[PDB]
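Just the one chain here, the form deposited in one PDB entry, laid out as structure tokens.
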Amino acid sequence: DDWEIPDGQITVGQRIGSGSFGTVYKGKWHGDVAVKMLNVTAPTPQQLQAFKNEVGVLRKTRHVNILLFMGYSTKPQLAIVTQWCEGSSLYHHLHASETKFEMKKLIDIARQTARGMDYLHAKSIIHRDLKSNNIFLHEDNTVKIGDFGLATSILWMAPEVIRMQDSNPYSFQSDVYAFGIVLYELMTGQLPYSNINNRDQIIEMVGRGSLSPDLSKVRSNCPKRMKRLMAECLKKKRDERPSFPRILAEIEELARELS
């Protein structure tokens, strides 16, 4: 198929965010859209990568819970087009807002995210950055996964990742682990290592093995099966971690019960 969008078809609204590299504007192409472009007059060889690659990956995703890739463009300046969604990042709702979700919502958020994550993995895609920021809540309703990071974090890094190891640290497994924190986030409602201020502490302490999320923090309501599953992904050793098919399957089963 062909996803290249003819030059000058798109129309760029107000800046929605900026990464140096990358900036996203609210656009208009056959309806609302979001576009990320490198305003740098001429594309560097670096950039020409972040473009090539990111379209490489997005092309291969059609799913309700993956943010919708629409098309790309080169000439005026390199650009990537996606659907425009109203809502705020999960990180936002959780840590950035008074917002209280019924456990049902919380559970479902998790269900949807796992549906999303299972899809990628099946398609042999490693997110490499999962986290509550990169989980988007559309219409405040449904979950859209993507990489909103404009700079390319620590709390979600699995240990073998924090330790440089064999430099091929990222795997479906690390992803399972990042997923595990997201659950920690959903069930407790707090980020991990809360009472720990120096951010340098966590980096050594977590990778050495001395530290993992203090689960007493998960609130009272969280189903046992859930807290288990959490603890499961957070299992320090890569092969200790469940695979997303196991996870979704679990998670669908928890919900049928709370129904």
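Only residues modelled in both forms are compared. In this text, the rigid core denotes the largest set of C-alpha atoms whose superposition between the two forms falls within 1.5 Å. Numbering starts at 1 and follows the sequence shown.
There is also a form deposited in another entry; it is not shown, and the following applies to it.
Only one of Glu54, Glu232, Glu204, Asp214 has its C-alpha shifted by 2 Å or more between the shown form and the other one once the core is superposed, and that residue is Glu54. Relative to the superposed core, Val40 undergoes a C-alpha shift of no less than 2 Å between the shown form and the other one.
After superposing the rigid core, the C-alpha of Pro245 moves by less than 2 Å between the shown form and the other one.
Relative to this form, the distance between the C-alpha atoms of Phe21 and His127 is reduced by at least 3 angstroms in the other entry. In the other entry, the separation between the C-alpha atoms of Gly19 and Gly180 shrinks by 3 Å or more relative to the displayed form. Core-superposed comparison between the shown form and the other one: runs of at least three consecutive shared residues with Cα shifts of 2 Å or more are located at 18 to 23, 38 to 54.
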